Structures are given as structure tokens and as C-alpha cells.
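Residue numbers start from 1 in every chain, and the chains themselves are labelled A, B, ... in the order their sequence lines are given, proteins ahead of strands. Both ligands and their constituent atoms are indexed starting at 1 by order of listing.
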Amino acid sequence: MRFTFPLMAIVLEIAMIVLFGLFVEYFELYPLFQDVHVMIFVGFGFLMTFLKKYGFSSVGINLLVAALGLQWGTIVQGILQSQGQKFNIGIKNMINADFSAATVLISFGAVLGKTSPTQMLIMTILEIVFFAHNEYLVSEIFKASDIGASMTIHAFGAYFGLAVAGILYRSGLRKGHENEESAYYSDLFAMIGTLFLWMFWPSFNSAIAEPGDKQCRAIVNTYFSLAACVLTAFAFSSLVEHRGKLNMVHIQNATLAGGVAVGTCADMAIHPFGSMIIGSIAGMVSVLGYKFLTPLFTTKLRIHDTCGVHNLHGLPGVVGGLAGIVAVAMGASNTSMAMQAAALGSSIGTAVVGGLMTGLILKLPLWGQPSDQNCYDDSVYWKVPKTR
Amino acid sequence: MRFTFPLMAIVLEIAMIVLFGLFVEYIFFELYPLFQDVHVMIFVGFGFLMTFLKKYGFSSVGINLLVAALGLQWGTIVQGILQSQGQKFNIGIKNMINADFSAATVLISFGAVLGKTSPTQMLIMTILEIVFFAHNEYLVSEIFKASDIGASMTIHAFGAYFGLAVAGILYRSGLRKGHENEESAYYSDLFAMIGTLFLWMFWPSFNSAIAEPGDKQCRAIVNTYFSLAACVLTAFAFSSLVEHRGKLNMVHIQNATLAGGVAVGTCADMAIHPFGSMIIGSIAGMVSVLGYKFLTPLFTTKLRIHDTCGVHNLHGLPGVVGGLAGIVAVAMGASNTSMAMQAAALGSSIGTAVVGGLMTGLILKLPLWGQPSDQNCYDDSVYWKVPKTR
Amino acid sequence: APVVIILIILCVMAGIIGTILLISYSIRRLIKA
Amino acid sequence: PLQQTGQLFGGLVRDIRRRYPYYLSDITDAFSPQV
Amino acid sequence: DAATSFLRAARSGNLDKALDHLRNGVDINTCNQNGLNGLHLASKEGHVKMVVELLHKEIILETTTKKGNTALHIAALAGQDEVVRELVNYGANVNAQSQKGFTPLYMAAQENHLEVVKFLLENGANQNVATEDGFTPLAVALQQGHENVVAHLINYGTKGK
Amino acid sequence: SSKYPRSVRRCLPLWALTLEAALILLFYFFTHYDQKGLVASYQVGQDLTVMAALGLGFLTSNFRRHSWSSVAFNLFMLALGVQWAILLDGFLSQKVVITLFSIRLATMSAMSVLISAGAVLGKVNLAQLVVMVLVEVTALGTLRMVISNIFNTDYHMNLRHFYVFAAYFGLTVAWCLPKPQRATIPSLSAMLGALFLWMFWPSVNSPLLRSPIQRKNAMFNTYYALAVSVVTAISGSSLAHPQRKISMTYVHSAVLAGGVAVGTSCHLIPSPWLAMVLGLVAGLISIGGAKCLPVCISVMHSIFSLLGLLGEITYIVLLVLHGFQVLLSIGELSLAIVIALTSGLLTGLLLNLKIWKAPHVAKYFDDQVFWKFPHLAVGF
Ligand SMILES: CC(C)CCC[C@@H](C)[C@H]1CC[C@H]2[C@@H]3CC=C4C[C@@H](O)CC[C@]4(C)[C@H]3CC[C@]12C
Ligand SMILES: CC(C)CCC[C@@H](C)[C@H]1CC[C@H]2[C@@H]3CC=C4C[C@@H](O)CC[C@]4(C)[C@H]3CC[C@]12C
């Protein structure tokens with residue numbers, strides 16, 4: 001039915017309005033919020049525009065998913081911190097809502113080109129529920145330190161998307177697809193999202209950091225981790241390709257893995273050289289993932305990841321959690337070992353289980369899923385101009 | 001003829017310098033981030049929003065830049081003169097933000113006549129429309145004392161109806177059935193999405209830059225945030241509803257997603273609760289999509305008013321909706337000031353915009369500014385060196 | 001308890017969309033034949 | 001519309017079959033000031 | 001050692017050392033670990049005199065490397081105009097295909113070597129020969145933005161040899 | 001020789017990984033960490049970073065087939081340059097304490113190289129750009145140290161010479177390279193970069209200013225000068241063009257004319273009208289340079305050089321109002337020029353070495369030299 005998507009959008013918006021009227025009541029962090037806002041809507045949205053015939057869907061469904069996501073994440077994250085009661089809205093609520101949107105967009109990275117906007121609304125709602133519950137668990141029951149959210153955002157979104165894409169596996173797409181290819185100006189546009197994410201990631205890891213030494217440490221550690229990550233990602237992209245050529249997928253994504261793997265240790269006293277070590281390891285791991293693990297996941301494990309969000313968010317997020325555990329080992333933080341490890345395990349497991357359930361729901365032929373031949377094509381859901 | 005554009009520009013700039021030396025002298029750093037966001041809106045969001053035309057991207061972004069650069073100076077001069085009653089004044093961050101607001105009004109009017117004007121025509125339109133806008137907004141803020149902190153009426157409705165009047169005066173009979181250059185392209189629409197996203201993200205700074213620090217600024221930011229969030233959902237839903245086979249339209253996603261930010265402006269600082277801002281954003285998106293689908297063809301064909309970017313459906317109709325939402329807010333108690341004064345401000349904005357746009361378009365209808373022919377409309381090559389390769 | 005809200009809220013959304021689709025979906029089965 | 005079919009709930013299903021196809025027109029025909 | 005020294009001399013253009021090695025008894029058809037003989041290396045480095053001298057001493061002109069590239073393939077990919085001209089003058093097959101289906105015209109077109117493209121077209125290179133991907137020299141020149149090569153390929157059409 | 005590019009599978013990764021490991025080791029041995037306006041201070045450096053990455057990366061992407069390399073190589077150059085500038089500013093100004101101000105200053109030092117590289121982008125590979133980054137940061141630090149030792153100024157305050165140093169360094173390096181164009185989507189992406197540079201350039205003109213009123217007046221002067229320069233550049237482009245059309249390429253470089261012209265004196269100009277006059281004069285000089293410099297390689301870097309010289313000259317003129325200091329300031333300018341030229345010559349002769357595997361002169365301004373593309377024959 002062509003009316004399923006407008007119906008679900010209108011019903012979800014009405015539900016959001018009712019929930020806000022039921023639960024919601026009414027400045028130094030606003031620039032950091034705006035940096036996170038730019039990341040969420042430009043960086044992720046245009047980072048995904050590398051596909052030659054899916055740029056409209058990439059950026060537009062990014063905007064739609066994140067716009068629904070900030071409202072639904074606001075509601076869910078408040079009702080948990082309020083324990084079912086009315087809560088007020090400040091800048092921190094907005095920042096956390098954009099964080100929930102980030103998690104959903106990371107999972108959307110795994111299913112880009114093979115899902116409908118209706119499936120995107122459904123996965124937004126369900127994934128935000130699961131993400132907010134796991135994040136509340138980590139932040140309040142385990143009380144682990146995840147200020148940059150290598151575990152609660154990046155690893156969670158990556159493995160949620162991987163579970164969804166595994167459930168939504170198509171046999172006809174395992175050997176590749178004709179539309180699953182980048183263009184020249186498409187990669188030029190994807191560099192916009194890459195650059196904005198790289199520039200504003202220090203605000204991502206320091207927005208809700210405790211003011212004082214912790215926020216400054218988050219900023220400096222993120223900056224130097226990204227600085228080392230760019231060099232290592234360039235070096236390993238040249239290393240893994242024929243004749244030392246650079247791969248635009250690597251430069252677009254693996255250059256940002258340092259901001260993911262430093263998130264747990266962002267506010268910890270890990271020193272700029274330790275942050276640079278983490279960023280270099282993250283860049284190398286991301287490039288190696290793109291070169292070797294993604295074909296093995298697509299062909300053998302039957303998990304297709306369109307944007308390679310495993311190599312950017314999951315493996316660097318797991319590396320960030322392990323780095324948090326090691327930093328706890330050598331006195332860089334006063335948080336417990338077992339709580340960090342439990343946060344990592346709970347994030348990964350909750351992501352996998354929620355992704356399994358959400359993908360099973362998304363597999364019902366009611367959401368206008370595209371055919372195998374029509375994957376990675378804007379014309380299934382958009383009016384496309386005649387010329388590029 | 002061949003030198004009208006540089007000569008008019010150098011004369012205008014020398015006039016700006018003389019006026020600045022005659023009238024202008026030298027909280028700032030707390031408002032500077034919001035001014036930076038508004039500046040990004042003015043020079044990137046508006047500039048790239050209009051780059052959807054396949055052969056008019058250069059002229060879109062470049063004339064946007066030129067118009068806004070002249071507009072900040074001229075708006076500073078005119079608004080400071082009006083505020084100081086002809087005395088010398090010192091500029092602060094508020095002067096810069098208000099000058100960018102005047103430039104925004106001129107860019108909104110420019111969106112109506114995109115592709116059918118010359119840079120000289122835009123210089124003249126900027127100069128005249130800043131005077132008209134500043135006088136109307138001075139009347140609204142000081143004589144009516146209405147509350148329009150997000151300027152749904154003084155900026156959006158004013159600029160939209162000013163541009164509509166100018167386009168009606170500058171109507172071309174040969175452009176009624178369309179034009180081969182008046183269509184979008186893939187990467188042009190991606191650049192337009194760049195502009196759309198920057199406007200959408202930084203709109204809370206637009207609506208809260210002038211608002212009084214404390215609860216009013218925070219309410220403006222939160223209300224704009226959630227109104228835009230609801231507006232995106234309703235714009236997507238009604239774009240899917242109104243088009244053939246349920247396909248989404250890039251025009252709707254590019255423009256109607258900012259209708260919630262436009263329509264929440266008057267009620268931005270008022271206490272309407274975040275749910276009330278979500279209702280305004282949800283309706284603003286509905287009305288913008290319906291306007292783009294139905295009212296724009298009727299305006300172009302029946303009313304002989306061609307509006308290129310659909311700035312009516314984004315600024316005029318959502319501006320009148322925000323103006324009326326502010327009237328219902330004072331009636332519901334969410335605001336000081338009278339309902340009669342809000343209604344007077346709305347009516348004055350519309351009427352001054354229409355009258356000034358008629359006068360400005362009559363001035364621009366003279367054959368002295370090198371306006372393009374019917375074939376050369378929506379074509380960069382009239383004024384720019386266009387590369388052979390796309 | 002707040003977990004039950006997200007569940008009750010999720011249950012209400014799931015019940016609404018499902019029922020609406022079920023009605024139009026059924027009427028399609030009654031109408032096509 | 002008043003013929004008996006002999007099938008249980010035949011009148012009801014025929015009523016639905018006759019009217020519900022026009023459901024889309026039942027919303028678009030209302031866009032008039034007379035309504 | 002002798003074969004390695006001969007191949008090094010062929011790569012460096014030291015024709016005197018290579019002629020000395022051939023005098024001492026080094027086989028002229030010896031190739032490196034990548035399947036490249038002295039003709040391939042000289043064609044890569046643009047050593048026209050070495051190419052002509054090796055062709056005189058009865059090197060196998062249509063010897064392919066481990067990737068299936070002939071000397072003409074390598075000279076077209078390296079953009080050696082004079083080496084391409086001499087190889088064609090000595091009877092190199094201009095329509096040879098490598099393992100992945102590349103022709104000398106394809107390698108000249110993908111690398112924006114307009115002179116090599118023009119000479120190959122004038123010597124009967126068929127631009128309708130596609131690779132295993134279905135790509136033509138025109139298609140790869142369009143993808144890479146080589147506008148002069150695209151224009152020359154379109155204007156030539158099917159004028160033949 | 002062989003126009004097909006030589007394999008960099010062993011040169012580029014080893015070079016980059018060795019550089020990164022050396023930076024890590026130096027940071028461990030020499031760097032260390034340690035309020036109310038933390039976010040406000042972070043904002044200036046963040047604006048500098050946005051400009052350096054985005055504006056200077058996309059501004060030089062107007063090339064039909066070198067946009068990838070421009071953007072990504074600018075990102076790589078910034079990432080390397082900030083770290084090396086942190087270490088070298090620590091070494092030549094004293095253990096190294098990493099504050100946000102030090103990161104901001106390192107970002108400025110990296111922006112110097114990013115401005116210089118616009119004269120050589122499209123004619124070099126990544127390793128040559130690494131050499132350029134290292135040598136140029138070293139030369140700028142040496143210049144600042146020499147100025148601080150001779151004229152008894154602060155080392156960090158000597159960074160105001162970076163416009164003219166970057167312009168002449170880029171010109172000198174580009175002059176030493178071997179000797180040898182635009183599309184529409186690449187020109188629009190470049191407008192985006194130029195717009196971000198033009199919008200955030202008031203942050204370039206006041207990162208080193210401590211007094212809040214000085215930053216006030218500097219930002220005001222830069223904003224108004226940049227507005228006047230945009231108007232003058234867009235309108236006067238038609239005069240300085242053979243076909244009497246506006247050139248996007250001229251507009252990209254010339255919009256920054258007012259910001260460059262008042263950069264060294266934005267905090268000394270007392271009234272906005274003087275900043276507007278300077279912006280107008282800078283725009284007119286940009287038009288004249290566009291109309292004249294090609295007659296007498298990159299025209300935009302030549303006009304940037306002349307604009308930086310004009311900015312230093314108007315600093316000289318304005319400082320007298322606010323004759324020995326005139327001689328001292330001309331001496332500082334000449335020393336900066338001489339050091340920029342000499343270090344650019346050294347960098348140019350270093351870049352001409354065969355070991356870097358530079359692209360063939362027929363393969364300039366082409367992404368295929370450095371990047372993977374599908375359906376291409378690879379190897380031999
Ligand atoms: C999140 C990832 C990394 C780990 C967990 C993923 C697991 C649970 C997922 C991903 C791969 C999935 C399988 C991939 C392919 C198919 C084929 C389909 O016809 C039936 C389901 C089946 C057999 C999936 C079952 C669930 C599965 C095993
Ligand atoms: C990827 C998995 C295996 C995690 C291991 C990452 C390693 C390389 C990281 C994670 C934790 C890091 C350490 C955390 C804390 C310390 C103590 C501090 O005073 C200096 C930095 C130093 C010494 C760091 C060095 C690098 C480090 C050991």
C-alpha cells in the first residue's frame with residue numbers, strides 16, 4: 001500500500017505530540033549541542049551519499065529518521081530518568097536525543113539501500129527503546145564511564161544494524177549489486193560528511209562530560225586521537241590496495257574511527273600520546289576491517305553492511321571498551337573493571353537481541369520493501385531528475 | 001550596458017562607507033555563537049537551498065552572497081538610523097544579527113524571482129527592500145510593540161509577499177507554461193539538501209538570537225527544535241500523500257521541512273509548551289506541502305505570479321500561520337501584549353510588503369538592468385563563465 | 001515501572017497500526033474478490 | 001441492493017463490496033465549500 | 001645472475017650491457033618473476049633503441065606476462081608513444097586481449113594517452129572490444145573524465161585502419 | 001619515462017606510519033596535560049579547525065578531476081601539521097603543555113601550510129606534501145623564533161606574519177616544480193569551502209588577541225571589510241575577465257581580500273569606515289591583479305601574495321598614527337620574506353628528488369594517479 005508510510009508517519013507524530021503533552025515541561029552547552037546537531041544531520045547524512053543512485057534516500061531518510069528519533073529518544077530517556085513521571089527539558093535532554101538519533105543512524109548504515117522509509121520508522125522506534133534501556137543500564141546500574149559512548153552508541157548501533165541486516169538477508173545480493181557502486185561526485189559529497197564528523201567529534205565526546213578537567217580531557221583526547229587516526233587510516237589504505245592507491249571508502253570512514261575508539265577513555269587521564277595510540281590502532285583496525293572482514297561478513301556470514309558500519313563503529317567501539325578496561329587496569333579512572341566489561345557485554349548483547357527482534361518485525365512484507373533488482377535506487381521512493 | 005553592475009556596486013559601496021563614517025561607531029561573546037549560526041544560515045543555507053536549478057547554481061549561490069554582503073551593511077545603517085532617530089550609534093552583536101535578519105528577508109524575496117533577474121536588479125531590490133523591511137519591523141516592534149521574536153511576520157511573511165509582488169510586476173508571458181532550464185538535477189538537489197540541512201539545524205539560533213536571556217531564549221530554542229522535528233515528519237508524510245505513486249519530492253523535503261521553524265517564530269519565546277510547538281510544526285509542514293502541490297501552480301498559471309523556489313509555501317503561508325498562532329497564544333494567555341497589536345503587526349507586514357514590492361518591481365521593470373530574455377532565464381551563462389564539464 | 005510505560009506505549013502504537021492495516025487489508029480481500 | 005443471496009452475511013459483504021471501493025473518493029469529494 | 005643482470009640492463013636502458021649478455025649466451029626470452037622479459041621492461045621505460053635491438057635479435061613479440069599483457073599493452077599503459085609506434089611497425093597485434101580482457105586501446109584510453117589512442121585507432125584498433133566487465137575504451141574514458149580521448153574515439157567512429 | 005605512476009605501496013605507508021610513530025614517541029617524552037570559559041575558548045580553535053579542514057580543503061577542489069585529492073590531502077596535511085606544530089612550538093618557545101590555546105596556535109601553523117599547498121596541489125603526491133608540511137612548519141617556527149630573538153617580541157605573537165609567509169612559501173615551492181580545467185559540481189563544492197572561509201575568517205584575525213575589546217574591534221573590522229570585499233570582488237570580476245563574465249574561480253579567492261588586507265591591523269583600526277575603505281581597496285587591487293598578473297603559475301596565490309604585502313604595508317601606515325619603528329617593521333617584513341623564499345627554495349629542491357615518485361607532468365591534476373577507480377587495468 002502506498003499509504004502505509006504517510007499513515008505511520010502521521011500516527012507516530014500524533015503519538016509524539018500526545019506523549020510530549022503528557023510528560024514534558026520546560027545555555028553554556030548550546031554550542032556543543034549545535035556541533036552535535038551538525039554531526040547528526042550533515043555528517044551521517046552526507047557520509048552515506050557515496051552510493052551513486054541513493055543520495056536522495058541517504059540524506060532524506062537520515063533527516064526523517066533523526067527527526068523522529070530525537071522526539072522519541074527525548075520521551076523514552078526522560079521517562080527512565082524520571083521513573084514514569086514528568087520531567088523538564090534542557091540542553092542535555094536535546095544532546096541525549098541527538099545521541100539516540102546517532103545510534104539509529106549508525107544502524108541505518110547497515111541496511112542502507114535495502115530498506116524502505118516505513119521500515120526506517122519502525123526500526124527507529126524499536127531501536128531507540130532498546131538503546132535507551134541499555135544506556136540507562138550502563139549509566140545507572142553498572143555506573144560505567146562511557147562519556148564518548150564507544151559502547152552505548154557506536155558498538156550498540158553497529159551490532160543492532162548487523163543483526164537487522166542478517167535477519168533481512170537477501171540471497172540475490174550476496175554476490176554484489178549493479179547499483180551498489182559509488183560515483184565520483186558522490187564520493188566528493190561524502191567527503192563533506194566525513195569532514196564535518198571529523199571536525200566536530202571533540203564536541204561529541206565532551207558535550208555531557210563533567211565540567212572541569214573531564215570536559216577538557218575529552219576535547220583534547222578526541223582531537224589527538226582523530227589526528228593520529230587520519231594518518232594511520234591513510235597509511236593502511238595505501239598499504240592494503242594495489243600499487244598503494246587510496247580507497248575512498250577508507251578515507252571516508254576509517255579516518256573517523258579514532259573518535260569512536262577514544263570515547264570510553266575520553267575524559268580519563270590517558271594523556272595525548274595514549275589518545276594518539278588509541279587513534280592509530282582504531283584507524284588500522286578500521287582499514288583492516290573494510291579490506292578483509294566486510295567481504296567475509298557479506299559472503300560467508302551472510303551479513304551485508306552497506307556503509308561498513310562494523311569497521312567504523314563496532315570494532316572501534318569494542319576497541320574503545322577494551323581501552324576503557326585497560327585504562328581502569330592502570331589507574332586512569334576510578335570506575336570498576338567488571339562494570340566496564342559488563343557494560344561492553346550488555347551493550348553488544350542487547351544490540352544483537354533487539355536487532356534480531358526488530359529485523360524479524362521488519363521482515364513482514366507490509367512496509368514496501370524494495371525488490372532485489374531495485375536496491376540502492378532512489379526511484380523506488382523518490383522522484384529523480386532526468387540528469388545528474 | 002557593460003559597466004552598469006560594477007558602477008552601481010562601487011557607488012553603493014562608497015555610499016555605505018560614507019554613511020558608516022557619518023553614523024557608526026564602535027553580552028557580545030555570549031551571543032556570538034548564535035550570530036555565527038545565523039551567519040551560516042544566511043550565507044550557506046539560503047545560498048545552497050536555491051542551487052537546485054540545474055543551470056543556475058553559480059548565480060544562486062553567488063547572488064545570494066552578493067545580496068547578503070550588501071544587505072548586512074545597508075541593514076546596519078538603516079536599522080541603526082531608525083533606532084537612534086538619526087543620531088550616531090554604536091554597533092554591537094545585536095546590530096550584526098539584525099543586519100543578517102534584513103539580509104534574510106531580502107534573500108527570501110530573492111527566492112521568488114530566482115532565475116529571472118540580473119545582479120543589478122538584485123542590488124536595487126536589496127537596497128529598497130531593506131528600507132521597507134526596517135520601517136515595517138520598527139513599526140511592529142516600537143509602535144505596535146508586538147512580540148515577533150522569530151519574525152514569522154516581519155521577516156518571513158514580509159519577504160515572501162514582497163517577492164511575490166515583485167515577481168507579479170516582473171511577470172513574463174513566455175514563462176507561464178514552464179521553462180526547459182527550470183528543473184532540478186541530482187547533484188544540484190544534493191547541494192540544495194546541504195542548504196536545507198544547515199537552515200534546519202541552525203534555526204533555533206535564528207529564533208532565539210534576539211530573545212531575552214533566561215527562560216525566553218531557552219523556550220525559543222526548545223520550541224524551534226521540536227517544531228522542526230514535527231515539521232519534518234508531516235512534510236515527509238504529505239509529500240508521500242500528494243504525489244504520484246507515493247514518491248517523495250525533493251522540493252518538498254528541501255523546503256517544507258523548514259515550515260515548522262518558520263511558523264513557530266512568533267510563538268517561539270512564548271510559553272506554548274513543547275507539544276504546542278510540535279502542533280504548529282506538524283501543521284506548518286502540512287500547509288507547506290499542500291501549498292507546493294496546489295497553490296503554486298494556481299499562483300503561476302491563474303494569478304500570473306511565478307515564484308521560483310516556492311517561497312510563498314515556505315515563508316508566506318507559514319508566516320501567516322505563525323502570526324495567527326501568536327494571536328491564539330495571547331488569547332490563551334501564553335503572552336503579554338494585545339491580540340489587536342499582533343493582528344495589526346500581521347496586517348502591516350502583509351500590506352507594507354505588498355506595497356513596497358509593487359514599487360520595487362516597478363523600479364526593476366525598467367529596461368536598464370540587463371535582465372535576461374525568456375530563453376536565458378535560469379541560465380548561469382548569462383552572467384557567469386560556466387565550465388564546459390558538469 | 002518506566003520500562004512498562006515504554007512497553008505500554010509501544011503496545012498502543014503496535015495495536016493501532018496493526019488494527020488499521022488489518023482493517024484496510026481485510027477490506028482489500030473482501031473487495032478484490 | 002435489496003436482493004437476498006442465500007449466503008450467511010451475504011448482504012453485509014455485498015454492502016462492503018459495493019461501498020468501500022469508493023473510500024478514497026469519499027475523502028476527496030469533500031474538498032468543497034458546500035461540504 | 002646473468003639473466004637478472006640482463007633484465008636489469010633492459011630495464012635501465014643499458015643497451016651495451018644487454019648486448020654483452022646476449023653475446024655471452026643469455027637467452028633473450030628470459031623473464032622476471034612477474035613474467036616480464038627484456039622487451040616488456042624496455043617498453044615500460046620507453047627505451048626505443050633497446051626495443052628495436054631486442055626485436056632484431058628475435059625476441060618473441062607476442063609474449064604475454066603473468067597478467068596476459070604483451071609489450072604493446074605495457075607501452076600503451078605507460079604512454080610511450082615512440083615505443084608503441086615501433087612495436088606496431090614490427091607487427092605487434094593492436095587487438096590483443098589480456099587475461100582480464102584489456103586491449104592496448106583500453107589502456108591508452110583509461111590513462112588519457114591521446115597520442116597512443118590516435119595511433120592505435122589509425123592502426124585498426126577495434127574500440128568495440130569489451131573487457132570481462134563489458135567496458136569499452138569509450139566507457140572507461142567517460143568514467144575517468146578523459147574528454148579529449150572521448151571526443152577522438154567518437155569522432156573516429158569506425159574509420160578503420 | 002613511464003607515465004604510469006610508480007607503486008607507492010611500500011613508500012607511502014612506511015613513511016606515514018614512521019611519521020605517526022615518531023610523533024607518538026615525541027608526545028610521550030615531551031608533552032603533558034594541565035574552567036569558566038572553557039567552551040568559549042574552545043570555540044575559537046574549533047572555528048580555526050572548521051576553516052582549515054573544510055574551507056581550505058574544498059576551496060582548492062574546483063579542479064575537474066582533483067577534488068578527491070584536494071579534500072583528502074588537505075585533511076591529511078592538517079592532521080600531520082597540528083601534531084608537528086604542537087611539538088615544534090613547544091620546542092622553540094621554552095616540557096610541552098597542551099592547552100586549547102596551544103592547539104589553536106598549532107592549527108594556525110597548519111593553516112599556513114594549507115594556504116601554501118594551494119599553489120602546488122595537483123602537481124604532488126602525498127609524500128611530497130608530508131615533506132612540505134614538516135619543512136614549512138619548521139620554517140615558520142624558525143621565523144617566529146628569529147623575530148622574537150631580534151625584535152624582542154613574543155614568539156606566539158609573531159604568528160601574525162603567516163599570511164605573507166604562506167603566500168611566498170607556496171609561490172617559491174610552486175616555482176621549483178616541473179612545469180605542465182574546471183567543472184560545475186566541483187566549483188559549487190569550492191564555493192562551499194570559500195563561503196566557510198569567508199564566514200569564519202574573523203576568527204583568523206583574532207586568535208592571538210587577549211583583551212576582549214581588541215577581539216571585538218578585530219572581528220567587527222574583519223566582518224565589514226570582508227563584506228565590502230565580497231561586493232567589490234563579485235562586481236568587478238566582469239571587468240577583469242576577457243568575456244566580461246563573472247568567474248567563480250576569481251570569486252573564490254577574492255572574497256577573502258578584505259580579511260587578508262586588515263588581518264594584521266584589524267585591532268588597530270578605530271572605526272568601521274576605515275576597515276570598509278581597506279576592504280574596498282583590497283577588492284580593487286584584487287581586480288587589478290586578476291587583470292594584470294597573468295600578463296606578467298597560480299594567479300590566485302599571486303594575488304594573495306600581493307594582498308598580504310598590502311596588509312603588511314597598511315599595518316606600517318597605521319602603526320605610525322597609533323620613524324625608527326617604521327624601519328624595524330620593514331626589517332621584520334623583509335626578514336620574513338627572505339626566510340619564506342629561502343625555505344620555499346629548499347622545499348622545492350627537496351620535492352624534486354626522484355625518491356618521492358612524483359606524478360608525471362602529463363598526469364597533473366588527476367585523481368587517477370593517487371586513487372583507486374573501478375574498471376581500470378592495474379599493473380603490468
Ligand atoms: C550482530 C551479529 C554480528 C551477530 C549476531 C547475528 C546473527 C544472530 C544473525 C546474523 C546472520 C543471520 C543469518 C543470516 C542468513 C539467514 C538466511 C535466512 O534465510 C534465514 C535467517 C538466517 C539463517 C540468519 C539467522 C540469524 C543470523 C545468524
Ligand atoms: C585494543 C585493546 C587491546 C585495548 C588496548 C589499547 C592500549 C594500546 C591502550 C588502552 C589503554 C591505554 C593506556 C591507558 C592509561 C595509560 C596511563 C597514562 O598515564 C598514560 C597512557 C596509558 C599508558 C595508556 C597507553 C595506551 C593504552 C594501554
At less than 4.0 angstrom from any non-hydrogen atom of [X], what atoms of ligand 2 do you find?
X        : answer
A:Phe273 : 20 (C), 21 (C)
A:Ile270 : 20 (C), 21 (C)
A:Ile281 : 8 (C)
A:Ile277 : 8 (C)
A:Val319 : 1 (C)

For ligand 1, which atoms sit closer than 4.0 Å to a heavy atom of [X]?
X        : result
A:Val352 : 1 (C), 5 (C)
A:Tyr159 : 1 (C), 3 (C)
A:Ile303 : 10 (C), 11 (C)

Within the side chain of [X], is there an N or O that forms a donor-acceptor pair under 3.5 Å with the backbone of [Y]?
X        : Y        : value
F:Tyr33  : A:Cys216 : yes
A:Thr194 : A:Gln252 : yes
A:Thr298 : A:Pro295 : no
A:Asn96  : A:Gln77  : no
A:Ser225 : A:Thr222 : no
A:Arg217 : A:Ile270 : no

[atom] touched by protein (heavy atom, under 4.0 Å):
atom                    : result
atom 21 (C) of ligand 1 : no
atom 24 (C) of ligand 1 : yes
atom 7 (C) of ligand 2  : no
atom 27 (C) of ligand 1 : no
atom 12 (C) of ligand 2 : no

Which residue and atom name correspond to the protein heavy atom nearest [atom], and how close is it?
atom                    : answer
atom 17 (C) of ligand 1 : A:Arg302 NH2, 3.4 Å
atom 2 (C) of ligand 2  : A:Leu322 CB, 3.9 Å
atom 15 (C) of ligand 2 : A:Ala332 CB, 4.0 Å
atom 19 (O) of ligand 2 : A:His271 ND1, 3.1 Å
atom 9 (C) of ligand 2  : A:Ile278 CG1, 4.3 Å
atom 5 (C) of ligand 2  : A:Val326 CG2, 4.1 Å
atom 16 (C) of ligand 2 : A:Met330 CE, 4.0 Å
atom 14 (C) of ligand 1 : A:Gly166 O, 3.5 Å

Any side-chain heavy-atom pair of F:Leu38 and A:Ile219 under 4.5 Å: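 A side-chain contact under 4.5 Å exists here.
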
Can you confirm whether A:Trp367 sits close enough to A:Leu121 that some side-chain heavy atom of one is under 4.5 Å from a side-chain heavy atom of the other?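 When only atoms from C-beta onward are counted, A:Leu121 and A:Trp367 do not touch, as no gap falls below 4.5 Å.
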
Distance-minimising heavy-atom pair for A:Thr255 and A:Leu226: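 It is O-CD2, 3.8 Å.
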
Would you please indicate yes or no on a ring centroid separation below 6.0 angstrom for [Y] and [X]?
X        : Y        : value
F:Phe30  : F:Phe91  : yes
A:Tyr159 : A:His310 : yes
A:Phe273 : F:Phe27  : no
A:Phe234 : F:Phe76  : yes
A:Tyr376 : A:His177 : yes

Is it the side chain, the backbone, both or neither of A:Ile325 that has a heavy atom closer than 4.0 Å to ligand 2?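 For A:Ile325, there is no contact with ligand 2 at all, from either part.
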
Looking only at heavy atoms, is any part of A:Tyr169 under 4.0 Å from ligand 1, and if so is it the side chain, the backbone, or both, or is it neither?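 Near ligand 1, A:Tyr169 shows its side chain, while the N, CA, C and O stay back.
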
